[PDB]
Every structure is written in structure tokens, then in C-alpha cells.
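Student: Please read through the structure below; I'll follow up with questions.
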Amino acid sequence: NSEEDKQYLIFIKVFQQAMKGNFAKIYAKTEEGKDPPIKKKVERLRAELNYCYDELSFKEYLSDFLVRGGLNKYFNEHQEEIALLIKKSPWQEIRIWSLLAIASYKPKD
Amino acid sequence: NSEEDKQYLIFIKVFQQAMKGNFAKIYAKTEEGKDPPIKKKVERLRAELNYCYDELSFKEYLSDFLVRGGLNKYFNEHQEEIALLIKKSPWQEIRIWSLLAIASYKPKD
Amino acid sequence: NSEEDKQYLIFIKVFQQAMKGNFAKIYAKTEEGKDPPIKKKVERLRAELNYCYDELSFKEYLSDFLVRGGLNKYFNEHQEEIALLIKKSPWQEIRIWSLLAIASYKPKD
Amino acid sequence: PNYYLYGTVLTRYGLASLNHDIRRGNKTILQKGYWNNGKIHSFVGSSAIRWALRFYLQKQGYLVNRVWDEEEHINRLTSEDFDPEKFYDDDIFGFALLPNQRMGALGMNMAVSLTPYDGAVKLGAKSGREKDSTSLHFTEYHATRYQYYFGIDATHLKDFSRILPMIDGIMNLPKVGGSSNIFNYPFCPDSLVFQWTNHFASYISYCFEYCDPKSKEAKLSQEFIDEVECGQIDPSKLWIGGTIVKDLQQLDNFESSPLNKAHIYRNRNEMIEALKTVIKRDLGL
Amino acid sequence: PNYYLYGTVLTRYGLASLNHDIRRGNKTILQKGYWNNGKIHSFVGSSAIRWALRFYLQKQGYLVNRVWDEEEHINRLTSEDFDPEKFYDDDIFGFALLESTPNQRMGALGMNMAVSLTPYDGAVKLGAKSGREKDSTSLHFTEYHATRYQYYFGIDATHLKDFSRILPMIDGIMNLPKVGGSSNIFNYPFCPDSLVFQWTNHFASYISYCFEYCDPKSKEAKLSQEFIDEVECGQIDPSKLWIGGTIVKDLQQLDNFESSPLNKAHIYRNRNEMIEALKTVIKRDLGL
Amino acid sequence: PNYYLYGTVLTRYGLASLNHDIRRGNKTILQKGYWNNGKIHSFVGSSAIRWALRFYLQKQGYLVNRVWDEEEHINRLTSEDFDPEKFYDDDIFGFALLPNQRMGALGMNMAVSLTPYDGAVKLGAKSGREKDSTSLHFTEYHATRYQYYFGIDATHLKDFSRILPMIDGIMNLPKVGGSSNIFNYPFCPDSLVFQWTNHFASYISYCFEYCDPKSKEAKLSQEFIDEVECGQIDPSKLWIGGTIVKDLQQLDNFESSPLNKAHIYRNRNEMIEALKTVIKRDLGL
Numbered sequence: 004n005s006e007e008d009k010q011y012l013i014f015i016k017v018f019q020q021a022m023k024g025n026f027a028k029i030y031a032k033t034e035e036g037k038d039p040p041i042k043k044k045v046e047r048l049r050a051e052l053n054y055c056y057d058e059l060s061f062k063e064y065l066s067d068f069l070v071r072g073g074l075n076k077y078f079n080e081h082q083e084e085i086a087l088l089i090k091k092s093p094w095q096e097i098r099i100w101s102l103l104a105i106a107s108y109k110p111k112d
Numbered sequence: 004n005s006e007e008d009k010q011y012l013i014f015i016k017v018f019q020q021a022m023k024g025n026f027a028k029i030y031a032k033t034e035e036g037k038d039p040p041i042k043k044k045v046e047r048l049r050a051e052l053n054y055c056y057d058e059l060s061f062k063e064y065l066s067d068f069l070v071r072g073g074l075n076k077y078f079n080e081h082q083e084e085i086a087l088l089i090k091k092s093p094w095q096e097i098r099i100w101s102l103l104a105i106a107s108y109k110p111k112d
Numbered sequence: 004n005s006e007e008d009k010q011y012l013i014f015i016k017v018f019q020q021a022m023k024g025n026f027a028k029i030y031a032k033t034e035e036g037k038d039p040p041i042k043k044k045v046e047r048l049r050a051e052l053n054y055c056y057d058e059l060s061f062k063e064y065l066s067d068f069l070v071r072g073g074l075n076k077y078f079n080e081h082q083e084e085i086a087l088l089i090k091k092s093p094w095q096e097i098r099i100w101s102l103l104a105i106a107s108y109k110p111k112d
Numbered sequence: 012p013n014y015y016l017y018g019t020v021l022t023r024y025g026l027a028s029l030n031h032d033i034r035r036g037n038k039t040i041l042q043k044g045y046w047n048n049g050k051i052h053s054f055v056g057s058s059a060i061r062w063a064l065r066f067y068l069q070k071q072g073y074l075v076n077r078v079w080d081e082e083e084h085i086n087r088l089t090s091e092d093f094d095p096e097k098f099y100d101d102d103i104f105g106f107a108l109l133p134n135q136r137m138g139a140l141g142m143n144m145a146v147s148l149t150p151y152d153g154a155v156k157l158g159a160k161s162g163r164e165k166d167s168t169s170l171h172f173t174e175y176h177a178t179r180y181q182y183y184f185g186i187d188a189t190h191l192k193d194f195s196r197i198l199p200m201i202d203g204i205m206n207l208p209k210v211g212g213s214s215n216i217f218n219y220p221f222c223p224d225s226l227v228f229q230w231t232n233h234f235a236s237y238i239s240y241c242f243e244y245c246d247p248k249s250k251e252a253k254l255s256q257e258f259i260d261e262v263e264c265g266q267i268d269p270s271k272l273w274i275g276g277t278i279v280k281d282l283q284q285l286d287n288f289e290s291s292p293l294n295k296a297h298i299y300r301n302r303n304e305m306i307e308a309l310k311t312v313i314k315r316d317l318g319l
Numbered sequence: 012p013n014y015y016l017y018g019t020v021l022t023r024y025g026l027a028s029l030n031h032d033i034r035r036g037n038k039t040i041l042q043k044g045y046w047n048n049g050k051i052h053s054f055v056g057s058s059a060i061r062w063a064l065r066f067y068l069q070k071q072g073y074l075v076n077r078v079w080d081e082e083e084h085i086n087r088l089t090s091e092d093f094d095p096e097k098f099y100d101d102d103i104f105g106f107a108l109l110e111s132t133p134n135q136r137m138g139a140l141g142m143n144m145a146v147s148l149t150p151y152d153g154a155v156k157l158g159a160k161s162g163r164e165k166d167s168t169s170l171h172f173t174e175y176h177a178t179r180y181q182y183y184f185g186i187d188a189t190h191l192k193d194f195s196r197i198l199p200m201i202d203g204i205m206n207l208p209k210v211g212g213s214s215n216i217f218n219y220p221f222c223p224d225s226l227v228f229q230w231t232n233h234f235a236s237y238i239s240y241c242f243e244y245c246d247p248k249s250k251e252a253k254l255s256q257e258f259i260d261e262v263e264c265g266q267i268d269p270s271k272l273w274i275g276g277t278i279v280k281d282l283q284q285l286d287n288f289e290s291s292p293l294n295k296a297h298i299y300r301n302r303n304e305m306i307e308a309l310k311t312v313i314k315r316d317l318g319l
Numbered sequence: 012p013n014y015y016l017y018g019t020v021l022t023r024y025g026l027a028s029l030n031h032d033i034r035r036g037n038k039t040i041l042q043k044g045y046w047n048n049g050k051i052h053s054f055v056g057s058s059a060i061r062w063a064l065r066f067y068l069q070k071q072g073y074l075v076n077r078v079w080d081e082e083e084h085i086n087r088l089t090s091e092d093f094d095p096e097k098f099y100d101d102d103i104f105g106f107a108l109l133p134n135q136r137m138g139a140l141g142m143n144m145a146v147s148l149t150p151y152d153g154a155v156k157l158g159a160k161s162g163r164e165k166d167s168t169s170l171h172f173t174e175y176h177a178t179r180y181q182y183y184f185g186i187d188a189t190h191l192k193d194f195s196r197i198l199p200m201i202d203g204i205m206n207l208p209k210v211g212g213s214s215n216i217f218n219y220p221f222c223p224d225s226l227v228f229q230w231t232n233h234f235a236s237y238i239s240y241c242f243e244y245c246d247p248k249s250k251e252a253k254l255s256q257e258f259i260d261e262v263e264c265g266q267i268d269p270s271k272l273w274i275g276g277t278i279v280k281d282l283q284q285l286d287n288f289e290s291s292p293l294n295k296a297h298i299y300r301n302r303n304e305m306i307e308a309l310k311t312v313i314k315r316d317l318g319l
């Protein structure tokens, strides 16, 4: 319930879909007998997320990550809501939401 | 409400329309039974957006992008304020908005 | 058990699994010596949790720690409930629950 | 006649790490709490400023019961029986035996940071190799201006002339207790609002406020300005000095505002001299 | 009397990756935080400058309790009991022997963190271990910053056990060795290029950070208008003000400079002449 | 006595694509960033220059630990345990294993383009047909002269005589960067400003500047000339040579200027010989 909570939950879904897309891209990148990353790419994503000073940089990285994720439906249905949520709100809060999505993305894969 | 977000939203919409026109132009470019890439087009757009190095770069780039977008109705009703928003505001913020528009573009087609 | 009690227990289990992951990471990084310290890790975690002074800093640290934990199967099974509980509840109560989870932790034999 | 000197001073901008709270594990916790807008603001205890004033008195004659050794880092009492009639320290800051106990001629409030504290953590390591438990540590700092409010009861002084050294020390405050080695923060004021009145009603407490999160412009106020306009805080009893004068004089309709006829000096020393002349005239010094 | 030497020194323009933060991932980040106008500036810790001063004191002879090995990267103490009377470093920087003459000393030098004059926007440098083989320690990133640095210090000269030790400290501030950082790939000389020193006998300074930028992405540096207003209004006695460096040219190019009270300060374009005059005044005042 | 060799090196004019940013997509992004007067300048990393110096040391037969294969394009270590006494590269550039560490006697800063980077992208198609990933491509190039600043702590060398090969390598620097097949950019100096002094203070870092934002002409910055004329930078310790010598000598009042007393040689080889003679005299070689 509550509009803010629904927006937060479906933004978590958006971020989880984006990480699914990025992880699929990494899976496609690797070849041969080398073991494709699963956990260390998550650690890389964590390191890149914490590497974020001020706002401009974090929003740039978040937008780049979302685009690199590729196709996603939760952002498809909700354009205005997530656009306003990302444009507004402190960047630290959005980083907290992104980390919370990271910690709970894995049930998908 | 607080019409800055109105300008942000119709900027997103005009960006989505312009990119759709560009994907249509690329569809016109390709020929014969090769499948016209769609995800690769988005990847190419993201890479070109990240190629810029402030001010002149990405400003003439995004102006040319909107121009090649074709007949954009919302742009026609929103020439002046979109141009003013382009001239003002930091360029990295414009890049963030463009990347968000890319991430939220799909459900048109 | 009420739904609030269920979510509280799931959060305790989530935090315990995150501590399991962090301590396993420390064990792997500090295999040298007679044995990597365990009490020192708990003291470090307690000091870092008590360092937090406001909601934003504490929730940032909590999300960072939870992601550093790893898979966190209890968070896999409960995206929305645990995410809403973390976002909504006052940070002092979440710190109390986290410290209770720390106290009620069993290192793997 | 009872005379009181209330004042709120504003320090210069710089990185301050002076009132570490308790230390939490690896971190020296800068003392902070909620303030104004529900944001976390760093604090400097008033006891630190009182210690700085005590040190100022000790360093320049001014017989004091408590003597800071500055070498053994201990306090020595010249006379175990406190005598406010002879020592500046006992007269002004009071005492308590646990007698007479005084009451204290100077009352001070905790210094409040003009800006919220975001994270401001600084890393610290000890050279290289043979690393031990003390090798890694963190220190909290803060890049803002500090603001505190004080009030001195001139009549309560055993010797009335002792108020002048307090003004001089407040304007020439020594190192206020803190990490001076790593974060050297001068506590001398760059903006002052002094009120030399004869009743126990002050409306200048914590007048300075700018918020504007991370900045240093430090506008005076809107509530204090409105208080001046409304009719109370008569400008004849108001003394404003410092860098705030430049912003005050650039305001619109300033020449017609009642704030104009207040004792406003850009130079702090000139305003201090005029205020001390007024105080000496009023107290019969 | 109680004489204090305050000063704000501005470094030279150059790529600087001097002080870093927690290792994080593959990217070494600078020590940065909000400084002015809500913009993020890069910082250099004052402990780095204190270490550089200690190294200068060690290199130019002198007696220092802490001796940097410079070969094993280890610190050795000549005497386990700190003696500020004999050793320069103990007298100047103090000591604190907590493990369990006084065991603690406050030192005569008080420094503040060096703040980049220019906001830190981007400036991440790609680094590769090269070769054809790749591994975990192959692709790394290092943050740099093309800016001038500016720090504030204050000396309680009377607190020194030997009053003559202030002169080597000024010499070290002038000829400062490398400040801890990646000098292999980012060699940043920390020698001053503009000085604002004040040799007064009262605690107030008002010269904490007198340098401010223009055109925030440029190397040009000017004296802050607040400092100039402080000088002109009557505060900051010009006879106690020592200004030297490349800021001298900009100061002299100002209009109405001759009529300004700033003209009465000790202004030397050559830093060596200004330092010599200041040291002459210091020796006269301290009875050296 | 602690002797240090500071120097700023200006390269020749040409089309350069030496250091690239992260490579993905169509464009090979030139390593660029902000510089003086707030314009984008192309950069060349100091690690590449250090690699070129080490490669020069290898090609001249000097004993080094790391050896470039030139066939497998990998780095081979002759000895797993670094020994600065025996190997030139370990002595000069240091090492880190993770004594297992050494700071190295050479400290070098990143190379900065004299001229701002405006445009000049190159077309990278590969023959005809089969338009695969090796098809239409873009490469960024810059037509400018790069400038870098280095500093050598001569006393830090295990063998004092090793400074001379370092100077020779700086003179005859091998291939720097990667795009040598299509952008052959010699990195040998054409203008030099060296300082052989016994002070940690250096005032010659990035002393060159352009006269026209789009021209190949180079000129010593007015700040450097003012520094020499004021009294700083002892001319007896200053070594200036290269094509900047002609421009320096065409300056008015050059004879009366203190810059005339500096060691100014139009021929770079003569400057290097004289400086090496001075260095050998001072270091007792």
C-alpha cells in the first residue's frame, strides 16, 4: 500500500531486472572453459555503487546501469513515476534502495 | 505541479520519439534478410552518448539527434522551452535524463 | 505469531546470514595464522553499528553489510516484506534487531 | 543598576574536529545531535570555551587560582580556598568545593555548527609495516562555522573591571580544545551580535543561521531581523560587528530600516573599543 | 611574549593524487568531501604534511627521535623515552606514549588539511598491468586531480623547547619533500608558490584560507575578497602581514593598490627574500 | 648531499594517438581531461613513459629484471626476488611484491598536450565486404606536442652512476603508446628545461605554453620567466635547451635578463654532455 512504497518496490524490481540484464551480458561475454562470474560480479557492482561521490556521479552510473540492463518491463509500464523518483530524492536514499535490490535480486538467479 | 518536472517529462517523451524516428531510419538503412538489430541500436546510442567530453560535445550531438528524430509533434508544440532547457542546465544532467529516456523507451514498440 | 513477528524473525535470519557471509569472506582473506579471529569480528561489527548516528548512515551501512553477506536466502524468499520493513521502520529499532541477531549468532562448526 | 552583556558570535569557516565524544571502536566520534531542522549538527561544548577563556587569562598575567601546567598537563591550585576577590578565575567562572560555591559571572551555551554534518570522515594510518591494532583509525571532522551564545552578568562580578578581559579573550580566544595537531581550527569570531542592556531579556541567542546546506555565506537571520524591525531590541543597545556587516549594508531599504541606527562596525576592534567605552562609562570604571 | 606564526600556503598547479582513501575495489579514490558551495573538493591530510616535515628534518641532519628507514619502510625510535629538549621532532610535533619527563606533549605545530582550490569533477586514470596475460591485478583505476592545494598552519613559537627550532621548520615548509602519495605516476611538488604569513602576538588569525579560485576549472588563483576586505577595514595589521609568491603580481596589478592598506604589508615577489626578512624579524623578536 | 634532477620535457609536433581510455564500441576514446583555462586536453599516462624508459634500458643491454619479450608481448622476471643492487629497473623504478618494496629514484608526472583537444576522429574501415565487428570504426587522434614533468632523486639510487642512462633514455625515448602503426609519434624531446639542484623545491613543472590555441608554436610561460627574473630558480642550476632556445634569444633585453646566465644550449646533445659532466663532478663518478 501507499504510493511511495509501491514506487519503491517496483523500482527495486526495475533494478533487479537491470542486474539480470547486465549479468546475462557478462555471461555472453565469457566463453570457453572459464567459469562465468556469479558472486564477484555482484562484488564489482557493490564496489562501483559505493564508489559514488556527490549526486551527479551516482545518477550517471545508475542511468548507465539501467540502460545496459536493456529490456525491462517494470520501467516500461511506469515512466513518469520512476523518472520522477530517480530525478528527485537524495542520491544516498536511491543507493540504499539499489543495494537492497542487490541483496534480494538472487531469487531470480 | 512544479513545472520543472513537466519540462523533464516532455523532454523524456521528445527524446523517446526522436530515438524512435532514428530506429525507423536505421530500419530503412538495412536491407535483405539480415535481422535489423534493436538492442544493439540502444547499445550504440548509449556508447555514443558516453563518447562526449562536455559542452560542445553532446550539445551538438543531442541537437543533431533530435533533428534527425524527424517530425516530432511534441517537439513542434515544445520547441522554445525544450531549447531553453537544452541551453541551460548542466550537460551531464541532460545526459542522465537522456539515458533514463532510453531505459524507459521500449513500450512504444 | 503475528505478521510483524514473522517479518522480525526473517530480518534476524537475514542479518545472521549476512554476518555468516562477511565472516566467511574474512576467513578466506585471513587464512594465515593459527586461526582468524572471531570475537574481534563481532566487536568490529558492534562498533560499526554503534557508530551510526542517523537514519541515512545506518541504513546505508545496513544495506552495504547485507549485500556483502551474499546470497541471503531468507532475503531471496522475502523481497517485499523485508524491503518494506527496512524502509519503513525507525533506524533505532532496526539497529536493536541487528544487534540481537549478532548476539544470537552461532558460528559454523 | 544590573547590567548584562549578551552576545552570539560566529567563527570562521574551516575543518573542525574539536569535541570528540566518546570514541566508538576505531572512530573518534565528533559530538553531534539534532538541531533546528531535525538534521545532525556537530557541537562544541561550552566547557571547552570556558577552558579557552581560562587559558587566555592565565597566559597574560591575570592571577588565577587554577594554573594550567602546559607541560605536565595538570591543573594546580594556588590556593585551596577559593577567593573570588583576588583571582580572576574564581571571580568569573565560579567554583564548587564539595563553602561559598559562587555563582559564576559568565554563562555560556554549547557552540552549534551552522551546517548539518554529512559524514566528514578522515582516514589515518601509521607509516608502514609492523602494523598493529593502532595502525588504522578514523577521525571525524566538519567544514563549517561554529556559533555559540554567551551572557555575562557584569554586576555579579566581584571586581567590575574584570569584564574587559572577558571581552578581550572572547575576541582573542586561544585554541579551543580539540585535535589542533591535525585540524587546527581558530575559534576567533568573524561575526558578532552583542547586546549591552540592563534587563534579563535577550533575543539574540543563536541569531546567525544560513542553512543552505553545504555553504559558508552565513546570512544573519530572518527572525532576528524581524525582531529588530518590530520594535524590541532597540538599536541603541545592539552591537553588530564582523563580516556580517558587509551583507547587512547590502540589503535593500537598509538606510530606512531600524537596523541602521544600531552600532554597526565592519572592523571588530573598533566596535569592541566603542562597546568597552560604553561599558566603562556605565559601570563607573 | 607569546608569538604565533600563522600562514596559508598555496601549492603549484599539477596532476595530484596525493592522499587516497580506503582500498575499496580496483579503483583508488582520493580523500574528498564538500568544501564550498556544495561542491566536492579533494583533500590532503595534515598528517601527510607533518610526515613530510619530519622527513625534511631528518634529511637535513638534525636530531629526530623518529628515523625513517627509507629502505625497509620502517620507523625506528633512537630513544624509547621522548626527550623534547634534545630531539627536534619531539619538540615540534609532540608525542603520546599511552602504553602502560611527561609522556605526552602538545607540540608547537598545528596544521589543517590541505584543500584543493578547484572542485574535483572527474579525472580517473586507467591503469593496466599490461602484457598479454590477464589476472585480477591487471585492470585498475586511479583518481587524480589537476588543481592547486592550499593548507593553513599555525606555530606557537613560545611553546618550543628551543626557540631557534622555528627556523628549520620554516625552511622545511619552503622546501617541503614529497607529500605522501603516488609519486611514481603523479609527481606533485608541494613547495609553496604563494604565501600569506602573519607573525603576531595574539591568537586571532583571520588568514585561514585566503586563496580562492576564478573560472573554477582554471589554474589561476587570486586572494579572496573577504581577506582583502579584512585587511582594508582595519583588522589584520599590515605590518604583521607577510605576502610572497606569484600572488604578488596579481596584488600589484590591482587598481588603487598604492592607496590600499595592503600596500603597507611586507610583499616580496621572491619567496626567498620574504622568508629571509620574516626570519630576521623572528630572530629579533625571539632574542636569537 | 641530496641532489635532485627536475625537468620538464616538450615533445615534437605531430599526430598522436598514444593512450586510450576504456575500449568498447566504435570510438577509441583518447585519454583526455580538463587542464588549465578549463579546456579539454589529451593526456599520456606516466606509466607508459616509465615503461618506455625501462624498455630503453633493456634495449641498450643494461641488466634489468623485467624483460619485454617482444614476441609473446608479456613481461618476464629474470629473478623472482627483486635486487636493486644488481638490476637497473629495480633500482630506478622500484618494485612492490605484496625488503619487498622500494620507492624508486624516478618520479614522473603525466604528459599533457600543449594544445587543447578539439576534434580529429579517424575512419577505421577494413577493406570491403564482410562488415563484421572489424568494420566501420573510429579512432581519435590529436595534432599537438605533449609535455611531461619528471623528477629524479639521485641520492636514492643504489648505484649513483645509473642516472646517466636515465638521462640518455629520456633523450632517446622509444615508442610510447600503442597506435604506432598508423600514428608514429616520436617522444624524443625538442625543448628541455632541466634543474640540477639540492633542494626539494621545484618551480619548473609544466613551464611551456602555447601562443595560439591551434598552432604548433611553443613558448615558455610568463610565470616561469617571472620566476627566473624575480630571484627564484638560480640560473646556474637551470639548463634550458632545444628549439625554445631560439625563441628565448629573440626576446628583447635578453642579455640584461637573469635568464641569460642559465646554461642555454641550442643543441640538446651539448646540454646533455655539460649536464652529465656537472652531475659526474657533483656525485663523484
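First to last, the sequence lines map onto chains K, J, L, F, E and D. Quick note on numbering: PDB author numbering labels position 7 of the first sequence as 10, and the sequence is numbered without any gaps. Quick note on numbering: PDB author numbering labels position 40 of the second sequence as 43, and the sequence is numbered without any gaps. Quick note on numbering: PDB author numbering labels position 30 of the third sequence as 33, and the sequence is numbered without any gaps. Quick note, the fourth sequence lines up with residues 12 to 109, 133 to 319 if you use PDB author numbering. Quick note, the fifth sequence lines up with residues 12 to 111, 132 to 319 if you use PDB author numbering. Quick note, the sixth sequence lines up with residues 12 to 109, 133 to 319 if you use PDB author numbering. Note that the Cβ used here is the ideal one computed from N, Cα and C, for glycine as well.
What residues of chain K sit near E/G36, judged by a beta carbon separation below 9 Å?
Tutor: The contacting residues are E46, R47, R49, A50, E51, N53, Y54.
Student: Along the chain, which unbroken stretches of the alpha helix (DSSP H) at least 4 residues long are found entirely within the segment 227-313 of chain F?
Tutor: The qualifying runs are 257-264, 278-283.
Student: Please report how far the alpha carbon of D/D80 lies from the alpha carbon of D/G141, in whole angstroms.
Tutor: Each residue's alpha carbon lies about 25 Å from the other.
Student: So with CB distances below 7 Å, who are the chain K contacts of E/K43?
Tutor: The answer, in chain order, is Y56.
Student: Closest by CA to F/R87, which one among F/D94, F/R77, F/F93, F/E96?
Tutor: Among F/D94, F/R77, F/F93, F/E96, the Cα nearest to that of F/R87 belongs to F/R77.
Student: With a 10 Å radius around its C-beta and 16 neighbouring C-beta atoms as the bar for buried, classify F/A235 as buried or exposed.
Tutor: Result: exposed.
Student: When you compare only the Cα positions, how much space is there between J/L102 and J/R49?
Tutor: Near 7 Å, if we compare the C-alpha coordinates of J/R49 and J/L102.
Student: With 9 Å as the limit, tell me which residues of the segment 264-296 of chain D have their beta carbon closer than that to any beta carbon of chain E; keep them in chain order.
Tutor: Those would be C264, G265, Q266, in chain order.
Student: Using 10 angstroms around the beta-carbon of F/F288, count the other beta-carbons present and answer buried if the total reaches 16, otherwise exposed.
Tutor: Exposed, by the Cβ-count rule.
Student: In chain F, which residues lie with their C-beta within 8 Å of the C-beta of L/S60?
Tutor: Going along chain F in sequence order, the residues near L/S60 (Cβ under 8 Å) are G153.
Student: Run the CB neighbour count on E/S167, radius 10 Å, all protein chains shown included, and call it buried at 16 or more, exposed below.
Tutor: Burial call: exposed.
Student: Can you tell me where the beta strand (DSSP E) with D/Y45 in it begins and where it stops?
Tutor: Where D/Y45 is concerned, the enclosing beta strand (DSSP E) stretches over 43-45.
Student: Can you tell me the Cα-Cα spacing of F/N232 and F/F258, whole angstroms?
Tutor: If I take the Cα positions, the gap works out to 19 Å.
Student: Here's the rule I'm using: 16 or more other beta-carbon atoms within 10 Å means buried, otherwise exposed. How should F/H84 be labelled?
Tutor: Under this definition F/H84 is an exposed residue.
Student: Under a three-way DSSP split, which group does J/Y54 fall into?
Tutor: Of the three classes helix, strand and coil, the one that applies to J/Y54 here is coil, per DSSP.
Student: Within the 8 Å Cβ cut-off, does residue 114 of chain E reach chain K?
Tutor: Note on chain E: consecutive modelled numbers read 111 then 132, so residue 114 of chain E has no coordinates in the structure shown.
Student: Beta carbons nearer than 9 Å to chain K: which residues of the segment 73-105 of chain L have them?
Tutor: Result list: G73, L74, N75, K76, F78, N79, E80, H81, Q82, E83, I85, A86, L87, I89, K90, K91.
Student: With a cut-off of 8 Å, does the C-beta of E/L157 fall near any C-beta of chain D?
Tutor: Yes - at least one Cβ of chain D is within 8 Å of the one on E/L157.
Student: Looking at E/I33 and E/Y182, is the spacing between their C-beta atoms short of 8 Å?
Tutor: Against a cut-off of 8 Å, the Cβ pair of E/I33 and E/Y182 comes out as no contact.
Student: What are the residues that DSSP puts in a beta bridge with E/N215?
Tutor: Beta-bridge pairing links E/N215 to no other residue.
Student: If you draw a straight line from the C-alpha of L/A86 to the C-alpha of E/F104, how long is it?
Tutor: The alpha-carbon atoms of L/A86 and E/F104 are separated by roughly 50 Å.
Student: Just the C-alpha distance for F/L157 and F/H171, rounded to the nearest angstrom, thanks.
Tutor: Going from the Cα of F/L157 to the Cα of F/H171 covers about 6 Å.
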